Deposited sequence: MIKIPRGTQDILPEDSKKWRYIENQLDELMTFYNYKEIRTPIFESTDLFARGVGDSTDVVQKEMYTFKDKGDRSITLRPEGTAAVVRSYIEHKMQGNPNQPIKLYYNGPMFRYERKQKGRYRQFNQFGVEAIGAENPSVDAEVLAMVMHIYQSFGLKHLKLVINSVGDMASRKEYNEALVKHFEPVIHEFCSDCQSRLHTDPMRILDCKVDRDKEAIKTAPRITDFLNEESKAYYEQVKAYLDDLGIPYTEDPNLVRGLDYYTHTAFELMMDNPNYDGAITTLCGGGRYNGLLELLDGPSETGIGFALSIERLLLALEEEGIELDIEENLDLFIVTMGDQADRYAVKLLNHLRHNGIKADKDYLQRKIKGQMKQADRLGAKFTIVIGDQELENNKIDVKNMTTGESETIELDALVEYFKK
């Protein structure tokens, strides 16, 4: 037999419902925040991610690559569709789909607000990342933020790292050595970025936290929560779950921050932007560890047990009827004995059951047995759709 690829899993019927619940809930939340969904191809030109991955000179020897994350593609689409010129700004977009980093296949969800550097925007995305997780009932969350200032602060902070490291530059590998001159931060005792926020940067950050205080969102400032990528500006954050059944008891549920320089590396405008990404798998596991259950009703409303051909052929029209009316119903293919049909009813979670036989077919009346209370209710056969509908 053929086996799935390594580091790959199928989401089978027991879990698919949990995924759809989560996915649907996120689409709704985005509705309140007004972020719109975009769906990028599974692969992009290798040259987008060039700026391990599954690359293959296919597409006519052209090099393509299974996307490892959705930001570059949201940016590649934003640029290609000339969104910078959109009358509606900031461009508030979200995505949700499988990513591929050599599980080799994982499902990340994320948002990107591009075109509006503004503390109130940051606050909106932070209140949101909190809202998402709290909407599911998670509770031992802990939002951690920091600021790496603007492009100015970073320029003057980089110089300090060079003043610092350079006099011992040869003690570093050609790797780290090369990096003194392009971005010392990647070299990282020595200076800290957060001690270089200018006056403006220090007020943006103070406004972001002001807002968090306003909205009553608790946060932890972790001066050491920084990002080396020079196109990463201002707000940086990580949402975390305190949970003892974790490797080291703590886990990062979500993460993100602002950026200024990303778009230009992808051949685009100097737009500013903020976003975050989150894994549905991890969210799912968080609910697990916290011992949380989702309102996934996954139950058949009516299972039809039939006796003999006449009654059975009637169950066919009936089923078609009920299904055309939003009732979840199912009958017995496989032709089995009542015990077997009744068990199937039970297996499928049939809230109710009915046994149609020829006597019921004539009297035009069946007993609808509530499978939990085991209480029957006698109604006319015609009522069936009506009775279940209402």
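According to the record, C-alpha coordinates are lacking for deposited residues 52 to 62, 114 to 120, 207 to 218.
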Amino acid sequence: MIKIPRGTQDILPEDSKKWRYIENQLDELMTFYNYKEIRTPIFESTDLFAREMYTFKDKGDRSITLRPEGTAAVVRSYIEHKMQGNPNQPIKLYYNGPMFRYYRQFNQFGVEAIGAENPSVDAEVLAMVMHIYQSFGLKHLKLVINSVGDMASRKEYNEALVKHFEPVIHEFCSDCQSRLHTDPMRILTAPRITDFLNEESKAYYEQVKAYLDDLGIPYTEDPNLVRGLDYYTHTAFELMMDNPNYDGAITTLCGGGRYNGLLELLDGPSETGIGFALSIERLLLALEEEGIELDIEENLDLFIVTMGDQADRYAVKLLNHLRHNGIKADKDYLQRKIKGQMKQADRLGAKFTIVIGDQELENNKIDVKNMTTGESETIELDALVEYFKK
From here on, numbers count along this sequence of modelled residues.
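Set 336 to 344 against 22 to 30 and average the Cα temperature factors; 336 to 344 ends up higher. As the entry records it, the average C-alpha temperature factor is higher for 137 to 145, out of 137 to 145 and 215 to 223. Looking only at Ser270, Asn86, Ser201, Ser279, the residue with the top Cα B factor in the deposited structure is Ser270. Reading the B-factor column for the CA atoms of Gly256, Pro98, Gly308, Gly291 in the entry, the top value corresponds to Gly308. In the PDB entry, a CA B factor belonging to the lowest third of its chain's modelled residues is recorded for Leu12. Looking at the C-alpha B-factors along this chain, the one for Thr353 belongs to the lowest third. Among the modelled residues of the chain, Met53 sits in the highest third by CA temperature factor in this PDB entry. When the modelled residues of the chain are ordered by their C-alpha B factor, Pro119 lands in the middle third. Per the PDB record, residue ranking by Cα B-factor puts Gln359 in the middle third of the chain.
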